[PDB]
Amino acid sequence: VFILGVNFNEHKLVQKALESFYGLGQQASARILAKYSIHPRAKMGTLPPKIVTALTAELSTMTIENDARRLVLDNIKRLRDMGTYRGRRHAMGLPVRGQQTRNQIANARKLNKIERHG
Amino acid sequence: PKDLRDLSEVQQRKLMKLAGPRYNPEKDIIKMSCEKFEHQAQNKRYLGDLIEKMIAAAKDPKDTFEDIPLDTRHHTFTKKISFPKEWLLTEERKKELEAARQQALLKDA
Amino acid sequence: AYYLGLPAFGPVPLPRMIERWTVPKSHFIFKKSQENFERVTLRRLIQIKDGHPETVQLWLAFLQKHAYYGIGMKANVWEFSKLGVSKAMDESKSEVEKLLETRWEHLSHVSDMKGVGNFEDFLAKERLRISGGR
Amino acid sequence: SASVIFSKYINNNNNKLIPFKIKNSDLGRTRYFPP
Amino acid sequence: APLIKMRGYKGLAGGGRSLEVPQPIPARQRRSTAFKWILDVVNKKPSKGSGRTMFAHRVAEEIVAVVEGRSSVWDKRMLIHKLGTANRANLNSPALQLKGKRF
Amino acid sequence: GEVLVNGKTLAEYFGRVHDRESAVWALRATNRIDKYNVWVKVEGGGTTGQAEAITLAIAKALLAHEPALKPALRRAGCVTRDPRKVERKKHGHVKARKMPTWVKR
Amino acid sequence: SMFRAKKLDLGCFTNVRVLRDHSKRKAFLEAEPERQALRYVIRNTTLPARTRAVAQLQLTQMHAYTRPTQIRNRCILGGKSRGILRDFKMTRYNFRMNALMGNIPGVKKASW
Amino acid sequence: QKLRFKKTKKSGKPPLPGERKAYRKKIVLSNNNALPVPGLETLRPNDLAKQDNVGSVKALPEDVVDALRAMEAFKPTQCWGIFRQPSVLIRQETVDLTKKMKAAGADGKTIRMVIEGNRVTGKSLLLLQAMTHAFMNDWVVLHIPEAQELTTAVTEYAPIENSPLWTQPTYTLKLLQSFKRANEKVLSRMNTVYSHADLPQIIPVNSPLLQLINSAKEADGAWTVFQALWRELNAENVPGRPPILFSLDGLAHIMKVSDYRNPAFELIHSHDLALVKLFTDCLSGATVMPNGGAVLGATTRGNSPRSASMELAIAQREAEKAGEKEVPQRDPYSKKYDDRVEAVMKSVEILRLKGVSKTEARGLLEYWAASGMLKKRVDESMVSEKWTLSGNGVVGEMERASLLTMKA
Amino acid sequence: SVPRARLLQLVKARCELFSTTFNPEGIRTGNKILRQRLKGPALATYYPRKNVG
Amino acid sequence: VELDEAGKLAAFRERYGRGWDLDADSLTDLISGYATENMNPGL
Amino acid sequence: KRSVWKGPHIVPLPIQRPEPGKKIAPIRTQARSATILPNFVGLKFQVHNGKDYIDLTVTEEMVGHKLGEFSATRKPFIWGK
RNA sequence: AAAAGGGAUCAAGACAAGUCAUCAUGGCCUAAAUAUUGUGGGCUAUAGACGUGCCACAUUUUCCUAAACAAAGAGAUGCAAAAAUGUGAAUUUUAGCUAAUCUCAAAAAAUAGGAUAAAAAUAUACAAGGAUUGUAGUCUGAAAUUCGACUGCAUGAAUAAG
Ligand SMILES: Nc1ncnc2c1ncn2[C@@H]1O[C@H](COP(=O)(O)OP(=O)(O)OP(=O)(O)O)[C@@H](O)[C@H]1O
Ligand SMILES: [K+]
Ligand SMILES: [K+]
Ligand SMILES: [Mg+2]
Ligand SMILES: [Mg+2]
Ligand SMILES: [Mg+2]
Ligand SMILES: [Mg+2]
Ligand SMILES: [Mg+2]
Ligand SMILES: [Mg+2]
Ligand SMILES: [Mg+2]
Ligand SMILES: [Mg+2]
Ligand SMILES: [Mg+2]
Ligand SMILES: [Mg+2]
Ligand SMILES: [Mg+2]
Ligand SMILES: [Mg+2]
Ligand SMILES: [Mg+2]
Ligand SMILES: [Mg+2]
Ligand SMILES: [Mg+2]
Ligand SMILES: [Mg+2]
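Residues numbered from 1 in each chain as written, not as in the entry; some residues may be left out. Chains lettered and ligands numbered in written order. Part of a larger assembly, values for the part shown. Heavy atoms only, no water.

This deposited entry lists cryo-EM as its structure determination method and 2.85 Å as its resolution.

Before going further, it helps to examine the overall build of chain B. Helix and strand counts for chain B come out as 3 helices and 2 strands. Helices and strands appear in chain B in the N-to-C order α-β-β-α-α. Computed over C-alpha atoms, the radius of gyration of chain B comes to 26 Å, more than 25% over the 13 Å expected from 2.2 N^0.38 for 109 residues, which places it beyond the range of a compact globule. With respect to the principal axes defined by its C-alpha atoms, chain B has extents near 85 × 35 × 25 Å. (Helix = DSSP H or I, 4+ residues; strand = E, 2+ residues; numbered from the N terminus. Rg over C-alpha atoms; globule rule 2.2 N^0.38 Å.)

Right, let's talk about the protein's contact with RNA strand L for a bit. Contacts to RNA strand L come from 176 residues, most closely from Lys74(C), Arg134(C), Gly15(F), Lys1(K) and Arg32(K). Among the atoms of RNA strand L lying within 4 Å of the protein, the sugar-phosphate backbone contributes 73%. One nitrogen or oxygen atom from the side chain of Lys70(F) is found 2.6 Å from a phosphate oxygen belonging to RNA strand L. One of the side-chain nitrogen or oxygen atoms of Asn31(I) is found 2.5 Å away from a phosphate oxygen of RNA strand L. Per-class residue counts for the surface near RNA strand L are 47 nonpolar, 63 polar and 66 charged. (Near = heavy atom within 4 Å. Polar contact = N/O pair within 3.5 Å; in protein donor to acceptor, adjacent residues only side chain to side chain. Nonpolar A, V, L, I, M, F, W, Y, C, P; charged D, E, K, R; others polar.)

This part takes up the site of ligand 1. Residue and element names in this part refer to chain H. The environment of ligand 1 is formed by 19 residues, the closest being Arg119, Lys123, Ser124, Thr300 and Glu399. Here an oxygen atom of ligand 1 sits 2.7 Å away from a polar atom, N or O, in the main chain of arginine 119. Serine 124 places a side-chain nitrogen or oxygen 2.4 Å from an oxygen atom of ligand 1. Considered on its own, ligand 1 offers 640 Å² of accessible surface; in the complex 90% of this is hidden by protein. Elements with a contribution of two residues or more to the shell around ligand 1: β2 (87-89), α4 (123-136) and α14 (395-400). Examining the composition of the shell around ligand 1, we find that 4 residues originate from one element, α4, more than from any other. Along the lines of polarity and charge, the residues of the shell around ligand 1 split into 7 nonpolar, 8 polar and 4 charged. (Areas by Shrake-Rupley, 256 points an atom, 1.4 Å probe, with all protein chains shown as cover.)

Right, let's get into the packing of aromatic side chains. Counting across every chain of the model gives 23 aromatic pairs over all chains. Centre to centre, the rings of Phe37(B) and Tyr46(B) are 5.6 Å apart; their planes meet at 55°, and the pair counts as tilted. Between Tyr157(H) and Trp166(H), the ring centres sit 5.3 Å apart and the planes meet at 40°, which makes this aromatic pair tilted. In terms of burial, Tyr157(H) and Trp166(H) fall into one category: buried. The structure contains a cluster of three or more aromatic residues connected by ring pairs, namely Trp21(C), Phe37(C), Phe88(G) and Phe95(G). Across the ring face of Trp112(G), the terminal group of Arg88(F) is positioned such that the distance to the ring centre comes to 4.0 Å. Seen from the ring of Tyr46(I), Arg25(G) lies directly overhead, with NZ or CZ sitting 4.3 Å from the centre. (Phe/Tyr/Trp six-rings, centres within 6.5 Å; stacked < 30°, edge-to-face > 60°. Buried < 20%, exposed > 50% of the residue type's maximum accessible area, 1.4 Å probe, protein only. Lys NZ or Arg CZ within 6 Å of the ring centre and 35° of its normal.)

What follows covers the sheet that holds strand β7 (residues 244-249) of chain H. Residue and element names in this part refer to chain H. Reading across from one edge, β4-β7-β10-β3-β11 is the order of the 5 strands in this open sheet, with parallel pairing throughout. The open sheet is flanked by β4 (140-144) and β11 (349-353), the only strands paired with a single partner. Strand-to-strand twist in this sheet, taken as the mean axis angle between neighbours without regard to direction, amounts to 15°. The pairing of β7 with strand β10 (residues 293-298) spans 6 bridges and is classified as parallel. (Pairing = 2+ DSSP bridges. Axes fitted to C-alpha atoms, helices over the stretch in contact; angles between N-to-C directions.)

Residues and elements named next belong to chain E. For the pair helix α1 (residues 27-44) and helix α2 (residues 54-67), interaxial distance at closest approach is 10 Å and the crossing angle is 120°. The orientation of α1 relative to α2 falls into the category oblique. The handedness of the crossing between α1 and α2 comes out as right-handed. Contacts between α1 and α2 involve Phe35, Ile38, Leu39, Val41, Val42 and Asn43 on the former and, on the latter, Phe55, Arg58, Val59, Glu62 and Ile63. (Parallel < 35°, antiparallel > 145°, perpendicular 65-115°, else oblique. Left-handed = near helix turned anticlockwise from the far one by under 90°. Contact = heavy atoms within 4.5 Å.)

Take the interface of chain G and chain I next. In this assembly, 29 residues from chain G lie in contact with 20 residues from chain I. The junction of chain G with chain I conceals about 2100 Å² of combined surface from both sides, 62% of it contributed by carbon and sulfur atoms. For the chain G face of the interface with chain I, the top three residues by lost area are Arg25(G), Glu32(G) and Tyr40(G), together amounting to 24%. Counting every contact that joins chain G to chain I gives 0 salt bridges. Per-element tally for the side of chain G that touches chain I: the top contributor is helix α1 (residues 16-30) of chain G, with 7 residues. Across the side of chain G that touches chain I, the residue classes break down as 12 nonpolar, 7 polar and 10 charged. (Buried area = accessible area lost by both parts, 1.4 Å probe. Salt bridge = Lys/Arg side-chain N within 4 Å of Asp/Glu carboxyl O.)

Contacts between the two partners involve 7 residues from chain K and, on the opposite side, 9 residues from chain A. The junction of chain K with chain A conceals about 660 Å² of combined surface from both sides, 65% of it contributed by carbon and sulfur atoms. The tally of links from chain K across to chain A stands at 0 salt bridges. Counting every contact that joins chain K to chain A gives 1 residue pair in polar contact. Looking at the side of chain K that touches chain A, its residues break down into 4 nonpolar, 1 polar and 2 charged.

Following this line, the structure appears as structure tokens:
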């Protein structure tokens, strides 16, 4: 089925589908299902076409999108523009939270950017 | 609390409530200490004056706290196990076993 | 305790108190070589029952005067008393004063001792200095 | 009569009687205990 | 369960090669080698169901395949027996009897 | 043949049939489970530690009633006291005997 | 330096940093109540905001010797700060050397 | 760049949906290797009520096993596939409970009972014997295999308009499908006597009652058909309406707040679920059964939460029966009680299950030995050994010590 | 099964009796600093003072 | 005027109130009044 | 002060607001842990980094941070030259 | 009872082995500085590379429920119950004990049930995993920015047993 323009398979859990959107986690997932009387173990192919449309209208009123990424990307961009310590660690791809840099800084070198994945 | 014979049943229970965690339901004793002062004589005097207030407050007919049930969550009650009295090999039980020992032989025979 | 008529029970062997320290045998680097140390405290318990309060204090006074070196002692004394402790301790003042008439000679100070200052604060601070901090 | 607080410490008497048992095993001499 | 084991002597077969020689093994060593082969075939098989009987039933099925002769452990038994027959003469090899007797 | 362990029944206490058979093995080996009632009181240790401890306890108590069973309890293994004990941890070792990784270079 | 007594009053192993740590212990003893008062006014959310801010500033102006966090035990025989045992006031090594000679009462080589 | 070594990157048909779950839930009720026990009798329609059958093992009829299997009376944790023919031990507790069901259905009354016991003492199987006595005597058995499937939020649920109740359509549908097969014979003899307006199909009065149940082909109208069916089975004055056995296993699950969430994200109480709200009413006596029957609720220890209200109620009912002037009371400072659980359990009867007697333990061991599954000499010395290792005859523990061992 | 407002009447009685702080709202009153006993004099005596020589 | 696009002034005032906000008020002389000449030697 | 209920960490600073259009000198501070308060906006600081005093001009985006977060103590690590 | 076990101890000599940065000491140097005091910073930097561990890569694992069984150690420079408050870290308030008494304090694995599977390779079925980062808090302490420890929410990297 389709929820907010994303296609999901029948054998997929409705909760795991909602939780696949950025910013939508366990708390929001449990409250969206409770709002429309969907048990956590509901599969995707069992939802009526009426409720599948209600979920799309529900997620459209939430901050679960690139919109949520902008909030995170803006916080990082601000740290750099101000000229703070943390901001300069994102730009150089270095650990930002006081980790030791002599060894084991792989994930920092790979993910720490100004334009992070999210 | 039962040593204070000048108190009534309702008043003795009210005293157990004011004591709070100082009351031991299993032994029925109110143990309370004091080391607030520099000299041991002063700690004894305080407890003496304090026990007089506990009794005066218990006699106060303003609020008997009968609505409040006695709270014993501060105490951890212990359950003791004892040897079963039905297993004691007495002259009466010996006859009981002889019957069971003999019925077993018949059932198999 | 027998001569004083005190029925004593024990000595009850209480559990041993064992401290442990593992230290390197060398002050400098060498760390793969350590050794264990300990300090085991051996202790006993003598409990007296149906003992008169005063008689129990003569027993304790006797043990302290003839204490054996290398032994530490601690006593917990019990005693039954009536209600009205405040008044009881005020009436016994005259009784204790008579017993001290001949004992005041131990202390002596210049008229209006000024080195003491605040009496209560002197005891509180002088007691800490005697005990080494607390 | 007596006090209740007093009676609550008399009943706690589950002591073991000193048996004065007779030794049936041979005992050696204790070690030399240095000072 | 195999009846023999292959022990090797270091550097006695030629240019750094070892001298493999068969030898018998007691019962406990025979059963241990056998059952460990069975567990090796079991662990490599894929999962089938769920519950607490997965591993148990997966092993029992291999025990039945062994008695029916259609198991894979029979190949490992014959493979080690071939090495024994192919090296039955090394029991009296000149190298095993001339260690330090050629001064 | 009623057996109690700390007030609880033999099955309510040991959740492992292997431990139940070992606790009363003396009575089983001599074929006297239905002749005596045992009231055990164990403390400390674990499930198997306590089970094997009751084996020796009942064996000794049983010999007080029928002293002529010791030759049988011998071959049953209920008279011997197993002295095995956990070895302490030793400095320089990860455990009683496990040593840390030794680096040659 | 103002907290260093002009007359040495140490009978243990004297050191440049032992005198330094002894001066901090004496300074904190003299200003612990004054310091506890400030730490109380700050954490008392029932007081006015200005009262809590005044005490928060005065606590920042007190000399460093008055802070208890700057007190670190040292060896009274060697003067080190690493490996000190509170029960003996000595390094792990001086504890070993004195324990084997019999200068620490009650201590003995352990074996079990 | 980095010069360290790095392990450079780099079978069978998979199972179908539901294949794995069906593997650990299938029930085997036979074993060709097992020996046929000689002299093994089959349960007659009135064998679970005779006092003389106590301590004897008898085989279940063939048609009963089809009905019990239809409503999931057997369970995988039970040892059925070790023997050839499903057989049960007629137990002194079976005769007691069964003699009450017999009198209840005959006098038109209703017994509201609760079964309690230790981990594995025969609670779930004592119902299997109650349902067995129900099928053989032409009753209407409505069994709920697992009460945790109604509370753990693992099935669809929808609200009812203008009411706090909640329906579970997908479960109610599956419940009707299994209700037909089990009671196919009894239902064939009954016809409708009321005019049900709202239904997936039009159904005139005096029609085959089995047709009314076949109307529920979709989950949506499943609950509506159920309520209509419930009205028919409980017809006030209609000849041919047999007693009803409304049984539920896992009572501890429906005696707390469920795991479902309402639109406000507040836990729904188990007694609000329309289906659970029906059983509790029948168990509390609120909903009367005009034709009579029995409402049995069996607790469980495997995967069961603790409800102080149910445990307190069970304790109070046993105290009143024994006649003790003092009955257990609430902990005046505990906040784990539930007023609604107390009201439902305020008049039920308790049936405590404990280990079997040494005479019953023999009849059960001889059945295992006759089947070649217990290679031992079944005598008093051997019965007392198993009776002791099983903790005074706990049937569940007696199987682990005799059947699930590694000595034979 | 007893109102909280009714229990406070008993909790307040104990405070008036044993002279303790009655703070049912859990307000941060800094009293944890008042109960903490000083440790200055215990630390000052660490290093032995100069003595006979 | 007084536009905080990043929301740092609103976040501060929400945590510590408007006592430290400039104007024309804990900042009257608490920070400046305590600043004395030669406060710390070495600038 | 991390915990919010204890307020921000304030330190004495010669923060005297100048007359409109007056030339005010920047504030030299070694208090690298002083929280930037809303009243610091518009002021010019010279935060000590251990050796030098790196200049800073407080803006509304810096409120809530520490002064030491704008003066690097170490120099970036660069391999080669 | 018994075919017991472990710990400590393990010499002289060599390695001009380690330590003149515990202490101590000969010679030689510094003595307005190679001595002494504070504020801030640094010892926490990071291309490549080498050692120790921790944890993970799901089917004997992990997750959920429940009414089992330990030993030893710690609290006068302090352990803190019960209750109440908070999703949580934790807070409010101190009963008792300076201890075989009171408190930390609860064992876990196990045992017995239960849930989940095309449990990652067919992209409409992306497993397990918890690094990285955003943000809101708590505790200790003048002080948590360089540079602390935990908590909530979100983010969801490599990782096919080498
Ligand atoms: N009357 C009986 N005849 C034969 N076997 C029985 C009988 N009663 C119980 N058993 C067996 O005892 C074991 C446990 O029985 P059962 O499952 O009914 O217990 P339970 O009380 O429902 O347990 P739980 O609390 O875990 O749900 C099963 O193997 C069962 O077959
Ligand atoms: K171990
Ligand atoms: K994990
Ligand atoms: Mg590395
Ligand atoms: Mg399991
Ligand atoms: Mg059950
Ligand atoms: Mg030597
Ligand atoms: Mg050299
Ligand atoms: Mg070397
Ligand atoms: Mg060197
Ligand atoms: Mg030197
Ligand atoms: Mg410095
Ligand atoms: Mg370092
Ligand atoms: Mg608590
Ligand atoms: Mg702990
Ligand atoms: Mg897989
Ligand atoms: Mg995942
Ligand atoms: Mg930080
Ligand atoms: Mg490896």
